[PDB]
Amino acid sequence: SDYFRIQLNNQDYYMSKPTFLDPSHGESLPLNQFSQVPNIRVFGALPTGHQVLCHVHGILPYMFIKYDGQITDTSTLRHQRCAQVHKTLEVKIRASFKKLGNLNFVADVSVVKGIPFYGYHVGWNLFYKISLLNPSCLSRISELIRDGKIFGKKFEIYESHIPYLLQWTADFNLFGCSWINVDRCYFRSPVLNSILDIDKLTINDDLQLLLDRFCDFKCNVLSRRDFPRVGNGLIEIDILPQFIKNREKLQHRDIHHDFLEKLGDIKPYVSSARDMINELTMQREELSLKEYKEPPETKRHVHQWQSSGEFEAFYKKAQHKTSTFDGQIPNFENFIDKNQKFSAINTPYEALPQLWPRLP
Amino acid sequence: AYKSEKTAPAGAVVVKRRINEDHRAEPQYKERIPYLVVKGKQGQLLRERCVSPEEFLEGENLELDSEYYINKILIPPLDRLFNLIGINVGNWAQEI
Amino acid sequence: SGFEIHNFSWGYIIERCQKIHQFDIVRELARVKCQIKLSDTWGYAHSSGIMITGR
Amino acid sequence: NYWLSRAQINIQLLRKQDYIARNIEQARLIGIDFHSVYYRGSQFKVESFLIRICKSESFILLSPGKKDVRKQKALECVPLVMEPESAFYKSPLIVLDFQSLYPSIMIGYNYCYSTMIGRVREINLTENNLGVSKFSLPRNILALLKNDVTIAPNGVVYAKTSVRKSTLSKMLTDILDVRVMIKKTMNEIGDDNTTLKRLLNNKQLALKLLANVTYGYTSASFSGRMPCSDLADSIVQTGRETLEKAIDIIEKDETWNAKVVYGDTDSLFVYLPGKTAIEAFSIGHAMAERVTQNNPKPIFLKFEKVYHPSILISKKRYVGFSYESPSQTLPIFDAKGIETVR
DNA sequence: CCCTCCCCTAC
DNA sequence: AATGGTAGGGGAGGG
Ligand SMILES: Nc1ccn([C@H]2C[C@H](O)[C@@H](COP(=O)(O)OP(=O)(O)OP(=O)(O)O)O2)c(=O)n1
Ligand SMILES: [Ca+2]
């Protein structure tokens with residue numbers, strides 16, 4: 001293929017001081033630098049079989065909170081509210097851990113739109129996207145916010161039971177023990193490590209072709225002093241989130257912000273199941289078996305339960321209780337308040353590329 | 001993961017005895033510890049006999065508790081399966 | 001691997017190096033020289049109590 | 001040679017059990033890494049599946065704390081375990097069981113976090129309690145959705161399939177399609193490769209466990225990261241109701257003078273006095289077909305096996321001679337819970 | 001006669 | 001340190 005492929009065998013993260021390969025500023029507080037940034041170490045193997053160490057920069061853990069503002073903001077009060085909540089959060093966590101400004105815990109706070117999952121909600125909802133710098137403290141921050149040890153009231157926290165590595169893989173369309181496709185990458189100063197004779201013994205024609213195609217020794221290779229090798233493997237590389245080509249292959253559907261499904265506007269939802277199905281079909285082809293199919297059957301179901309009548313009466317009473325006094329009957333075309341100026345806000349998958357290093 | 005030494009299982013007694021004789025003989029978590037029961041004084045607790053196979057084979061005068069095995073381990077399941085027919089294996093055992 | 005890695009195989013070597021030789025063989029067996037913390041009772045009780053970086 | 005044989009033998013044990021390949025396949029399918037397949041619990045796998053599915057439709061997932069889960073309503077709905085008539089059955093005993101009962105129910109009835117409105121009683125707009133969250137409802141949400149809703153047997157309003165197709169349904173149908181293909185491929189081969197059949201059986205068991213723990217993400221009242229007592233109560237209650245409806249359907253027919261003598265949460269033991277064990281297969285296929293056609297689309301009743309000589313001792317404890325197919329000649333000793341299997 | 005603790009299984 | 005639920009039965013030890 002035309003991609004530097006690295007299988008995701010083992011993954012881990014560590015905290016390090018920022019460099020020019022990692023972000024150093026936040027949107028909410030552009031004048032405050034980052035004390036440290038998290039990096040992800042990916043231990044994998046090239047298709048030729050040689051092991052490789054990959055350093056991933058620019059990935060920060062995040063969580064969502066309810067937005068305290070209004071949907072009528074002029075895109076400038078939103079920035080002020082984000083900056084104020086960022087400052088308050090940073091001060092409160094610094095006090096709890098036991099102006100100024102060093103940004104040791106919180107990186108950036110942003111406003112995004114979204115549809116909550118726990119319950120039936122149709123309209124767009126605004127959320128605070130709090131990006132943290134240390135993945136290990138995420139549970140502590142969530143607990144502090146939940147019990148109202150930071151703000152006046154007790155907030156509800158979204159997307160915190162998802163681990164940092166799982167969240168990163170889900171965001172970047174990465175699967176365990178699967179290829180990570182990158183268009184380009186940065187190489188460490190010794191391209192082929194020589195622990196004992198590893199460079200000489202493991203050298204290969206396919207490896208040489210891969211290195212010639214993907215390493216230029218004038219731009220890809222990093223400085224020895226600035227980026228010393230840390231891995232006990234043959235090849236060590238540093239990549240950026242833009243380099244990962246496994247993303248941009250996810251299918252994003254915006255159907256939950258209104259009754260698009262009911263109005264008629266616009267099967268393999270799990271991407272990994274197709275590979276297993278193909279493998280099984282190929283494996284059963286080796287036995288000269290026929291093709292796979294399943295015959296459906298018609299069903300004459302009507303399915304009233306034991307207390308269906310009581311439930312119907314209660315639903316009628318609830319409909320009477322929760323309804324506007326007279327007025328026009330609701331319609332599927334006008335129930336959601338249109339022209340709400342929601343296009344200015346960012347969908348969660350569009351907020352990910354923000355704060356990326358964006359190197360030359 | 002036991003409330004007390006009194007509530008410990010029969011295999012726990014054997015494992016603890018082996019640990020007492022040598023501290024490196026500590027079993028892993030959820031590891032099956034084999035043991036046998038041997039003849040003893042009347043009224044002795046089941047966990048009091050609890051002979052390990054290593055101790056049972058090296059024991060000069062250790063005999064399997066034939067009465068305990070035949071009654072407790074054999075009669076109840078056979079009775080449960082055969083009382084639905086109308087017969088009990090206890091009479092057959094007592095006749096032999 | 002190893003049939004029982006806690007009392008034997010790699011666990012015996014790790015314990016011996018930590019006790020007698022005062023050697024951190026776990027760091028040497030990892031795929032990263034630097035940057036590697038606490039005992040994991042869940043791993044010991046359930047599966048693979050030992051943890052080597054990258055393996 | 002003692003130690004060389006030990007090392008080679010453990011390597012061969014891992015190779016024969018196909019541990020590495022099976023774990024690699026599971027990690028590839030779920031999306032978690034190699035270590036987390038056997039190190040972490042099932043909730044991690046369910047979380048990976050759910051997050052990967054939900055991120056594409058901009059679903060923001062609630063993350064309740066320990067206190068929120070501890071204050072969740074208790075589970076009231078329980079599975080139906082019929083008390084057996086402890087006896088010896090010389091006549092053929094036809095057993096029937098739904099395939100993936102709870103996942104099939106979740107797919108068919110559109111039970112999910114995202115399709116639930118609230119309890120049909122105590123809806124008051126201002127404040128509704130449902131699961132581990134307290135929320136509010138729009139002004140005319142119920143009047144607008146007066147037709148495209150379904151009511152769970154425990155009294156929880158769910159959106160119909162016409163609007164808000166559930167994500168749990170999507171992941172479950174993908175998993176169940178893979179499992180059905182695996183099972184049909186395994187059944188299509190007879191004695192050609194015993195090892196291949198064993199590997200396929202392991203795969204289908206893993207997929208079934210994945211579906212069951214996807215159901216069990218809810219009802220995780222203890223050590224649950226995002227549970228919902230109402231959703232699990234609805235699933236269990238409609239499973240019990242489906243089982244009771246199947247019992248009534250089978251016992252109502254006068255062509256077969258058959259009575260249900262025992263039944264698990266989804267299984268169904270039907271006694272056929274003096275039916276020659278060759279009419280039993282046809283009768284059981286007919287009952288399975290009728291019950292399947294009397295239920296929603298994903299719900300399906302399988303014929304399973306026939307216990308010609310059988311003994312029902314107690315609940316979750318029986319033994320009998322199994323005849324999976326009419327072409328089978330030598331019965332398979334099938335025992336559940338009795339001293340032979342413990 | 002009844003209760004508690006422990007082991008293991010079936011869904 | 002991490003953990004998905006439900007129900008069911010039997011045996012040893014102590015009252
Ligand atoms: N470990 C398990 C086993 C079962 N169940 C629940 C959910 C299942 O829907 C139901 C019935 O389980 P079965 O073992 O009968 O299996 P399934 O019906 O899910 O599938 P299949 O019949 O294909 O084996 O019990 C569960 O929650 N956890
Ligand atoms: Ca079933």
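Naming follows the PDB entry, where chain C appears as DNA polymerase zeta catalytic subunit of Saccharomyces cerevisiae. Readers searching the PDB will find this entry under the title "Cryo-EM structure of Rev1(deltaN)-Polzeta-DNA-dCTP complex".

Going by what the PDB entry lists, chain B is known as DNA polymerase zeta catalytic subunit and is assigned to Saccharomyces cerevisiae.

**Considerations on the overall build of chain B**
In terms of helices and strands, chain B carries 5 helices and 0 strands. The order of α-helices and β-strands along chain B, N terminus first, is α-α-α-α-α. Against the 2.2 N^0.38 benchmark of 12 Å for 96 residues, chain B shows a C-alpha radius of gyration of 17 Å, more extended than a compact globule. With the C-alpha coordinates aligned to their principal axes, the bounding extent of chain B is approximately 50 × 35 × 20 Å. Taking the contacts inside chain B whose residues are at least 6 apart along the sequence as the reference set, 39% of them involve residues at least 24 apart.

**Considering the packing of helix α6 (residues 101–109) of chain D against helix α10 (residues 229–252) of chain D**
Residue and element names in this part refer to chain D. Contact geometry for α6 and α10: axes closest at 10 Å, N-to-C directions at 100°. If you check the angle between α6 and α10, you find them roughly perpendicular. Here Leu-101, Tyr-102, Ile-105, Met-106 and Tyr-109 of α6 come into contact with α10, specifically with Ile-235, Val-236, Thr-238, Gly-239 and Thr-242. For the contact of α6 with α10, the per-class residue count stands at 7 nonpolar, 3 polar and no charged.

**Some thoughts on the interface of chain D and chain A**
Counting residues at the interface gives 98 residues for chain D, matched by 83 residues for chain A. Broken down by element, the side of chain D that touches chain A gets its largest block of residues, 11 residues, from helix α8 (residues 167–188) of chain D. Its residues assigned to classes, the side of chain D that touches chain A shows 56 nonpolar, 21 polar and 21 charged. Two elements, strand β6 (residues 106–116) of chain A and strand β1 (residues 59–60) of chain D, share 2 bridges in a ladder whose sense is parallel.

**Some details on the side chain of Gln7(A)**
Residue position: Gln7(A) is located in strand β1 (residues 4–7). A polar atom in the side chain of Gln7(A) sits 3.0 Å from the backbone oxygen of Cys177(A). The contacts of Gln7(A), once residues within four sequence positions are left out, are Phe43(A), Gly44(A), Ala45(A), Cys177(A), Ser178(A), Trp179(A) and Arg28(D).

**Some words on the arrangement of the chains**
Interchain contacts are distributed over 5 pairs of chains, and the most extensive set of them lies between chains A and D. Between chain A and chain B there is no contact; the minimum C-alpha to C-alpha separation amounts to 27 Å.

**As for unusual backbone geometry**
In this structure, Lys341(A) is a non-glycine residue whose phi angle is positive, near 60°. Tracing the chain through its elements places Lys341(A) in the loop between α8 (308–321) and α9 (348–351). You will see that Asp191(D), though not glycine, has its phi angle at about 60°, which is positive. With respect to the helices and strands, the residue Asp191(D) is situated in the loop between α8 and α9 (194–215).

Reading guide: rules and limits
- Per chain, the count goes from 1 following the written sequence and can depart from the entry's numbering; residues without coordinates do not appear at all.
- The order in which chains are written sets their letters, starting at A; the order in which ligands are written sets their numbers, starting at 1.
- Here the displayed chains are drawn from a larger assembly, and the quantities reported describe the displayed chains exclusively.
- Side-chain numbers come from the whole structure's heavy atoms, not from hydrogens or water.
- Residues with missing side-chain atoms are left out of burial classes, side-chain pairs and their counts.
- Only runs of H or I of at least four residues qualify as helices and only runs of E of at least two qualify as strands under DSSP, and these elements are numbered from the N terminus.
- Radius of gyration here is computed from C-alpha atoms only, and the compact-globule reference equals 2.2 Å multiplied by the residue count raised to the power 0.38.
- In what follows, residue pairs with any heavy atoms lying within 4.5 Å of each other are defined as contacts.
- Axis definition: a line fitted to C-alpha atoms, limited for helices to the stretch in contact. Angles are taken between N-to-C directions and run from 0 to 180 degrees.
- Angle categories: roughly parallel below 35 degrees, roughly antiparallel above 145, roughly perpendicular from 65 to 115, and oblique for all the rest.
- The nonpolar class holds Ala, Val, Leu, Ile, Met, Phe, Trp, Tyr, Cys and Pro. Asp, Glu, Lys and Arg form the charged class, and all remaining residues, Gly among them, are polar.
- Being paired, for any two strands, means DSSP has found at least two bridges between them.
- Pairs of N or O atoms are called polar contacts if they sit within 3.5 Å, as long as, within protein, a hydrogen donor faces a hydrogen acceptor (for residues adjacent in sequence, only side-chain-to-side-chain pairs).

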